[PDB]
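K.L.:
My questions all concern the structure below.
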Amino acid sequence: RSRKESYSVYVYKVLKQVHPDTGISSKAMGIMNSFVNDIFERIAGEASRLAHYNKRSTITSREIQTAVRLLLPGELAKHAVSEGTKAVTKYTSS
Amino acid sequence: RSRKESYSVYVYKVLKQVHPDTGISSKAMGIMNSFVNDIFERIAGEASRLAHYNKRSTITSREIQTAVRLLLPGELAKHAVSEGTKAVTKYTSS
Amino acid sequence: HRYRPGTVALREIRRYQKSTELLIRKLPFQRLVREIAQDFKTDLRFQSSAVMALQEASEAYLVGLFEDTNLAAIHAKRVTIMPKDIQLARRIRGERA
Amino acid sequence: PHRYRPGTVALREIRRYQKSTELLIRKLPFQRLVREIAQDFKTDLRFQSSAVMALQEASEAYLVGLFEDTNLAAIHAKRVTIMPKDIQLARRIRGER
Amino acid sequence: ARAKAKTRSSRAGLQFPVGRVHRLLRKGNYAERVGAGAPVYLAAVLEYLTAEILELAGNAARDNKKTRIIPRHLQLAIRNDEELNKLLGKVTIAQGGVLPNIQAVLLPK
Amino acid sequence: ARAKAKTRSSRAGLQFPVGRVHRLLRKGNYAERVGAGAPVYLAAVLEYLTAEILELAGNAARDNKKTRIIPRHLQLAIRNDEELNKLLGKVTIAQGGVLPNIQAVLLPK
Amino acid sequence: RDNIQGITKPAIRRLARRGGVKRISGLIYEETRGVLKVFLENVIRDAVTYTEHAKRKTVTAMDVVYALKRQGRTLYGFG
Amino acid sequence: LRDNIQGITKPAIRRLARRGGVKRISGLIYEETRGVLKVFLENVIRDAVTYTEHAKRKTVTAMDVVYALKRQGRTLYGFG
Amino acid sequence: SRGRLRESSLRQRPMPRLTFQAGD
DNA sequence: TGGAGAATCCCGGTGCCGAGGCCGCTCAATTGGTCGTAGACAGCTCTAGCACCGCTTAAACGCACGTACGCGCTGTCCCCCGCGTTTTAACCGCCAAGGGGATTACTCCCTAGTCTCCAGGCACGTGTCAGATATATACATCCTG
DNA sequence: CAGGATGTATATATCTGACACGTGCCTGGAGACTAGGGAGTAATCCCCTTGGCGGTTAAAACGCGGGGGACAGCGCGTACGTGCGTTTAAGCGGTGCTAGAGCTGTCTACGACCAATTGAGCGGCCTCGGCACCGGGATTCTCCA
């Protein structure tokens, strides 16, 4: 037998911390999983291309930050960069 | 001293074996180089995604065959497949 | 009673934009997909979710095409959508070139 | 006196500029425009000449494509002159707005 | 003895799987090596975008007097917002429908 | 002692480099490993496409009574071909100009 | 055979209604079903070749999703 | 720098329209094209500057512009 | 007949491009 | 249906600078072996696809009337075009300073890899509540007189 | 502007099946350690970017005269909308057969890795002829009498 992984638990946790009284359907969860996978693939591919262009062999935070700035538009890019930088700082402070 | 790679030698050999009395400009050699790199990247990326989809970890002629069928339109693909298969068969014949 | 021409069309637009179900009958679309596919490989089998995905994508594409076509038809001082507008929308989108 | 009926030397201009490959925007004002726009994102930037050249080539190619599209939009409306509404319709159908 | 295990997601304060994202980056053949801080940044970005989409979808669902988010609500939230609609312009959401709009020319006099 | 080297391009009868394409496939981070027949197939496809485009461009240059191919000739060759244009629909060629086309409505009558 | 007639006139009419169309000319239906056939062929060719690569005989929904994604029309809801 | 968009003169827009096959031009097309070109240039130069900032250099190279154009679906041949 | 000096290695009848003609 | 003139096309002489071929050489592809494992193949399973049959009835099909929209014709007048003049600044050529791209050395520290340990998330069961459905409304909307 | 007909939003009661939770467990994520080379920092070279000046002149701005066309209006007639009645085949259910998708177990031929070797292709550097340009003549096309 084999198991399949998904982001259902994390999407549900985020939803419950955003809208405590609101549930989410199975089809909506599938769409959110597809969205998360798509955004992950976009950012990861852009970061890989950025690493290849500069002849770096590593994907670091700055590569991900530059990717996020490249795909995400405007205010989304600004807020996402802020959130990522805050998370990285908190992680490295441990 | 650094070295910059290009497909100029091979493109000129192909030109001289398809139009023996015709030259080419450097500003057109650059465009041919860019086209070669673009098509290489397209086919290799499609082959990588085909390998990832099927959970394989090797890029073989089958992956490139399917990438060629996916990318090149119509008779272009129909002839590229034949050229590739003939070249691979001749290579294995040695 | 007799509604003047146009009002029923507007209420139909307000209905089908509000609702979210599929608009093409399922079985004829299954048969169309199957007969189109047999030109590539014979005796092919289709997962039900595959046919459903094909129908969803086809209806979304047709709805977007009809939006662009209505924009083109209105641009020409008309309210009646015509095949010329479909051709213009397809070419400007880049699907005819 | 001799004067060409309006339209003919407009057609000759079309044939003159569809045959050539030269740039149609003067280089110095375009370079100044590019530098002025780039001053918004980062100060004291430096541009390689090839960078400005590529920006100009891409910009005029995009404008030429847009002008073909808006010419088609204008002709579809049964008129010859292109108006800003035609450009807006072309951009909307292209998906740029 | 080994210390108590603390998930890297818990260290960063995120809800998304930093470890799983690190594995996916490492195994997905994106680069020869993946830095330590890349999964944290990517997980934070993904969680932020998901939080935005879920917040807008929940607002839309509340406007519809419903407790469960359905794909129609996701479509409404994504298309109504100007930034998400640009981020997901070429994305089709199954069972999402279309935004209700009618060209002003066609409305009756 | 060992036998004289025979390049894999010579072995396959191609002109494009099998070894260089193999290295680019391996070092390009496309897959964990690359089959031995992949570079040969890719080189053959690239050689065929370049031969096609250069043949059409040489024909176009001969139509202009020029013995050197310039980007204008490449643009003419690529756009005059339906399948090649479909392949390079989104590609812009510098110094290429446009295909001469005037809508039949605009012409005088 | 002859199954493009299954995309009947009222079906295209209500698809246009969802698209926002007020009234429709009679020549629209044939053009619309021709366009639909072209799109279906374009997508199904890539889907079936994806299945050929996997040595399968069932066109799974993942193949259709991959074909749509590579055509620039990514689909959310099926994988 | 200031008001350099006026350097995209009316004759230049007219010539670009002529290359596009346009036979007759309205008077507002010039301002409309000024706006469209400004938007396009802003979008491309934003990504070019992003690339050149990530590379940690002050000189916007040709490859940065080529990469910026490629990722927007406007692949350009000739410079890289 | 189109060919290469190594035959039918190139497609011997490339398709011609068509263009859209608006109006009548 | 003919000439005038304006533009285009065509032919010949000349200079040049960009393409083509040649000469080191170096570093990257080739050859020869080895080893680990990813993929090929046999076998088994049981899930999901295909096929069939009967009923309900929602939806498509066919038809008639007329009315509102498409299309053609007409008038206008004002906007755009074609051309002459003049004022502007792009363009080319040359000089000069130096900011910063590009490369080399070196080391250290960050990542890969391994082993061990354990709990987070996956699969399976499940019982209730959110949502779909049926029906009687009071209500808003369209239309004609 | 008012009344009739009719979609339509609303509230209540009903059903039901999808989901949010709980349990068991296993496998992948975390902790601790070592090894190694990727890249971060320092230093230097010199490339090419920016700034400036002067002269030519090609192109941009400006203005004027007039005509082709964009827009509004009128009229006509087809054709598409709306509603009614009559097929029809889609949808739903139920069942049965089995094709092949997926999983598991072996096993081998294939690709990565390493060391020695050498020639393929890059860098520089000629040299000359394809072509870009100028001058002049021939042909074509558009316009108006």
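Reconstructed Cβ throughout: ideal geometry from the backbone, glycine too, with neighbour counts over all protein chains shown. Just so it is clear, none of the values below were taken in a lab; they were calculated from the coordinates.
K.L.:
Could you list the GluC sites (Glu not before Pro) in the stretch A:2-56 that lie in coil according to DSSP, counting only those with at most 14 other Cβ atoms within 10 Å of their Cβ?
P.N.:
In loop regions of the stretch A:2-56 (DSSP not H, G, I, E or B), the sparsely surrounded GluC sites (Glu not before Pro) are A:5.
K.L.:
Here's a follow-up. At a threshold of 8 angstrom on Cα-Cα distance, excluding pairs fewer than six apart, so keeping six or more, what relative contact order does chain C reach in percent?
P.N.:
Values: 37 pairs, mean separation 17.0, N = 97.
Relative contact order of chain C: 18 percent.
K.L.:
The stretch A:41-74 to the stretch G:1-73: how many Å between their Cα centroids?
P.N.:
The stretch A:41-74 and the stretch G:1-73 have Cα centres separated by 35 Å.
K.L.:
List the GluC sites (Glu not before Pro) in the stretch C:1-77 that DSSP assigns to loop (not H, G, I, E or B) and whose Cβ has at most 15 other Cβ atoms within 10 Å. Which are they?
P.N.:
In loop regions of the stretch C:1-77 (DSSP not H, G, I, E or B), the sparsely surrounded GluC sites (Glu not before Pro) are C:21.
K.L.:
A follow-up question, please. What FRET efficiency would be calculated for the residue pair residue G:8, residue C:11, taking the C-beta separation as r and a Förster radius of 25 Å, to the nearest 0.05?
P.N.:
Efficiency computed from Cβ-Cβ geometry: 0.75.
K.L.:
Determine which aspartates and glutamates satisfy two conditions relative to residue F:65: a Cα distance under 14 Å, and not lying fewer than 8 residues away in the same chain.
P.N.:
Here the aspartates and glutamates satisfying the reach criterion relative to residue F:65 are B:21.
K.L.:
If a paramagnetic tag sat 7 Å from the Cα of residue G:71 along the Cα-Cβ line, which residues of the stretch G:37-57 would have the backbone N under 15 Å from that point?
P.N.:
G:37-51
K.L.:
Continuing with this model, one more query. Relative to the first principal axis of the alpha-carbon coordinates of chain B, what is the inclination of helix B:75-93, with its axis defined by its Cα atoms, in degrees from 0 to 90 and to the nearest 10?
P.N.:
That helix lies at roughly 80 degrees to the long axis.
K.L.:
Could you tell me which of F:46, D:41, C:61 has its Cα farthest along the dipole of the protein assembly as shown towards the positive end, charges placed at Cβ (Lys, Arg +1; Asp, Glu -1), taken about the Cα centre?
P.N.:
Working it through, the farthest residue towards the positive pole turns out to be F:46.
K.L.:
How many angstrom separate the Cα center of the stretch C:5-47 from the Cα center of the stretch B:77-94?
P.N.:
42 Å
K.L.:
Same structure again: Taking springs between alpha-carbon atoms closer than 10 angstrom, which of A:81, A:11, A:68 fluctuates most in the Gaussian network model of chain A?
P.N.:
A:11
K.L.:
What distance in nm lies between label points placed 7 Å from Cα along the C-beta direction at residue D:85 and residue H:56?
P.N.:
5.6 nm
K.L.:
Helix F:71-80 against the longest principal axis of chain F: what's the angle in degrees, Cα atoms only, rounded to the nearest 10?
P.N.:
80 degrees
K.L.:
What are the distances, in nm and sorted shortest first, from the label point of residue F:4 to the label points of the same position in each other copy, with each label point placed 7 Å from Cα along the Cα-to-Cβ direction?
P.N.:
7.5
K.L.:
Measuring from a point 7 Å out along Cα→Cβ, what nm distances, shortest first, does residue E:86 have to its partners in the other copies?
P.N.:
Label-point distances to the other copies, shortest first: 3.4 nm.
K.L.:
Report the closest approach of any chain F C-beta to the axis of the F-to-E rotation: residue and distance, in whole angstrom.
P.N.:
Residue plus distance in Å, as requested: F:29, 3.
K.L.:
So, in nm, how far is label residue G:30 from label residue A:92 when the simple model puts each one 7 Å beyond its Cα toward the Cβ?
P.N.:
That separation, rounded to one decimal, is 6.8 nm.
K.L.:
Around residue D:47, which amide H atoms from residues at least 5 apart in sequence, or from another chain, sit under 5 Å from its own amide H, with H modelled in the peptide plane?
P.N.:
So residue D:47 has HN proximity to H:60.
K.L.:
Specify whether the C-alpha gyration tensor of chain B places it in the rounded, prolate or oblate class, a ≥ b ≥ c being the square roots of the eigenvalues: rounded for a/c under 1.5, otherwise prolate if a/b is larger than b/c and oblate if not.
P.N.:
Prolate.
K.L.:
Hey, if you put +1 on the Cβ of every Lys and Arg and -1 on every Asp and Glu Cβ in the protein assembly as shown, which of G:12, B:15, F:36 ends up farthest toward the positive end of that dipole?
P.N.:
F:36
K.L.:
Is the protein assembly as shown rounded, prolate or oblate when judged by the Cα gyration tensor, a ≥ b ≥ c being the square roots of its eigenvalues, rounded requiring a/c under 1.5 and prolate requiring a/b larger than b/c?
P.N.:
rounded
K.L.:
Taking Cα pairs under 8 Å and at least six residues apart, what relative contact order does the stretch F:8-87 come out at, in percent?
P.N.:
21 percent
K.L.:
Take residue C:38 and residue A:79, extend 7 Å from each Cα along the Cα→Cβ direction, and tell me the distance between the two endpoints in nm.
P.N.:
So the two model labels end up 5.3 nm from each other.
K.L.:
Let me ask something additional. With charges only on Cβ, +1 for K and R and -1 for D and E, what is the dipole size of chain B about its Cα centre, in debye, rounded to 20? Numbers along the way, then the final one.
P.N.:
Numbers: 15 positive and 8 negative charges, 60 e Å.
Value, rounded to 20: 280 debye.
K.L.:
Something else now. Compute the acute angle (0 to 90°) between the alpha-carbon long axis of helix F:38-63 and the principal axis of greatest extent of the alpha-carbon atoms of chain F; round to the nearest 10°.
P.N.:
Roughly 30 degrees between the two axes.
K.L.:
Still on this structure, please answer the following. Per 0.36 nm of contour for each residue apart, how much would the distance between residue A:26 and residue A:13 grow if the chain were fully extended, relative to their Cα-Cα spacing?
P.N.:
Here the segment from residue A:26 to residue A:13 would lengthen by 3.2 nm.
K.L.:
Can you list, shortest first in nanometers, how far residue B:82 lies from the same residue in the other copies, with each label 7 Å from Cα toward Cβ?
P.N.:
6.2
K.L.:
With +1 on each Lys and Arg Cβ and -1 on each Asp and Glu Cβ, how big is the dipole of the protein assembly as shown about its Cα centre, in debye rounded to the nearest 20?
P.N.:
Approximately 560 debye in magnitude.
K.L.:
Say a paramagnetic label sat at a point 7 Å from the Cα of residue B:54, along Cα to Cβ; which residues of the stretch G:35-71 have their backbone N under 11 Å from it?
P.N.:
Only G:50-56 pass the distance filter.
K.L.:
May I ask for the distance between the Cα centers of the stretch F:1-24 and the stretch E:3-77, given as a whole number of Å?
P.N.:
Centre-to-centre (Cα) distance: 47 Å.
K.L.:
Within chain A, how many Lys pairs sit with Cα atoms under 19 Å apart, leaving out pairs fewer than 8 places apart on the same chain?
P.N.:
Total qualifying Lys-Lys pairs in chain A comes to 5.
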